[PDB]
Structures are given as structure tokens and as C-alpha cells.
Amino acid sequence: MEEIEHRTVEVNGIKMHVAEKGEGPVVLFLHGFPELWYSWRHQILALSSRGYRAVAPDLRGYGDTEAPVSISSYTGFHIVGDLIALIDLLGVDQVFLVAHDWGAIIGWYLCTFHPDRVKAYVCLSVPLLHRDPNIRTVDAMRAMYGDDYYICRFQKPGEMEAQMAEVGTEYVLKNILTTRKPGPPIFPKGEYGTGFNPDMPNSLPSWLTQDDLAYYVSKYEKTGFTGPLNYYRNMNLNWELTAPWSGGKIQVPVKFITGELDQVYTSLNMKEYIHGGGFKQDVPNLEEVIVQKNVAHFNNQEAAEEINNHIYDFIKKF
């Protein structure tokens, strides 16, 4: 940890906090919501110690990275804008890509725009958001789960922030981080309530330390949740703007891994998409699909060793 390097760089007009360790071909790590560069702490150590360059930024709006005020500065294009610039500072043509949750969606947009810059992709939790010409991303979600589906609830500016402020930053993070309950996260009306997790443990699971929780809480208490929430607020805009790539296919080599209890996997018809053939049709070189038994959403922290080894073995083929 204390040999991990933390520098600020200047990318795509913003100041981004980067975490780095190792030499070798670049492995670029993209965290999701509501995490930080920190969520990759184990993958950074492992991969650096096997001759790879491990690079994990705080994304736009997160942690120690600049958080623009306008909702509209959080499209996928802005974020991929940040990463193309960062990769150029890294001085390399191609990277190895590893991403999780929202980082995975950004990862996908990156593989769509610049596949030639990605050698191979280790995607955790969220598979390709297939673009249905007939319906917008969040329209399809609301049609399926109603208005209290967490993503629908994240849409209205300032509202989820206030509800989150009621229960407290530490509560919110502990609430999300400790969830093991599968299926679409559906909030109670008018408030945060028990949010993602009606079954919150007294003690944190063994993959998460009281220190870990505190590092998360220390960053979010300063930044708040707005910047990270703003990604979801651009889901429909991302859908409209990605029209040039409708019906397209992604040729980057992909290894998809998910926890069995992940809400993403147990909702949105994702199993049918993942295994049924639809995911393979969108991504012709989708290699394995690995489903981790008894592991929930945060699989890179919960099952760190397996993830480490799943990455290395995949990226070694190239």
C-alpha cells in the first residue's frame, strides 16, 4: 500500500488522481459505484508483483479526482475522454482492461470507440449494455421494475443525495457494501430506508475491514454522492448518443466474471442475456463466463485471490 504511487495528472481538462504500481504492460483498473481506486487494492498488489503495470484512477467525480458541477459533464464520452488522455500519459498504444460496475460500463464504451487500444478485457459484474433501438436504457428499467428501482430513483437531481444525507454517509456505504440479497434493488417510497440491504449485519463481513469502511467514508464525506450519481443520470443521454454504434459488435477479447449473488446478474434479464447467446453475439470473442458461487456484488474484494488469478491467466494469452 505504501509503495503504491499516488499522483495527480491533468487529463481532458480535469485533475485526476491516479494510483500506480509495477512495470510491464499496462493493466488499467476502473472502479464503479460507490467505490474508489481503493477497491482494487488487492488487484494492484498482485498484478504489479507479476510484471504488469497496474494503474487505477479515481474516476471523474470520485474521491480525489475533480468533480465538475454540471450533470452533463458525466456522459460516457467525457469519461472515455479522460481515459484516452490518461493512457496517452502512460505512453502506450494498448492496455489490458479490468473494470467493475460503472467502471465496466465505461470500459465497454472504451472498447466500442477504441478497440485497438485494448488488448483484452476482464469485465466484472456488468456485461455489455446492449443498445435496443426500440427503448431507452432507463425507460426499459422503469418499465420493468417501476419508479422505485434504484436507478430510476437516482435520476432526479439532488433527491437521492438528501435521502442519503438523512441516514448518513457511513450508513449508506455499509448498507451497499454489505448486501448479499439478490434481485433488483427497489427502494421504499419517499426515503432511503434500508436501501439496498434490509438485512444489515452488526459486524462487517471478513473481506472488508473497519479500516476499509473508514477510508471509503473519509472520501465520500468530503465529495458527497453527486458526481457518482451523475453517471446514472446520463444513461438515457448515453443511449441517444450511441446511435452511431447501433447493432454493432465488439471484437476485443473479453473475460466476464460475476458473483452469483450480484444484483446485476439476478436482474434485468441478465442471465438470459449472458448465457443465452445474446452476450456472445454482441461480443464474438467473449471467452469464459465465470460465476462465483456464494459471492455477491463486490467480487474483486470478496473473492480477491480468484479474481487476481483469473486476470493474470486471461491476459497472459496475449
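Heads up: residue numbers just count along the shown sequence, starting at 1.
Here the stretch with the larger average CA B-factor, out of 110-118 and 237-245, is 110-118. Stretches 39-47 and 260-268 differ in mean CA B factor, with 39-47 having the higher one.
Going by the entry's values, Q251 shows the largest Cα B-factor out of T65, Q251, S70, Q292. Per the PDB record, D88 has a higher Cα B-factor than any other of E166, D88, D148, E159. When the CA B factors of the chain's modelled residues are split into thirds, the value for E302 lands in the middle one.
The entry lists a Cα temperature factor for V26 that places it in the highest third of the chain's modelled residues. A296: CA B factor lies in the lowest third for its chain, per the PDB record.
Among all modelled residues in this chain, the alpha-carbon of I186 has a temperature factor (C-alpha) in the middle third. Per the PDB record, residue ranking by Cα B-factor puts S218 in the highest third of the chain.
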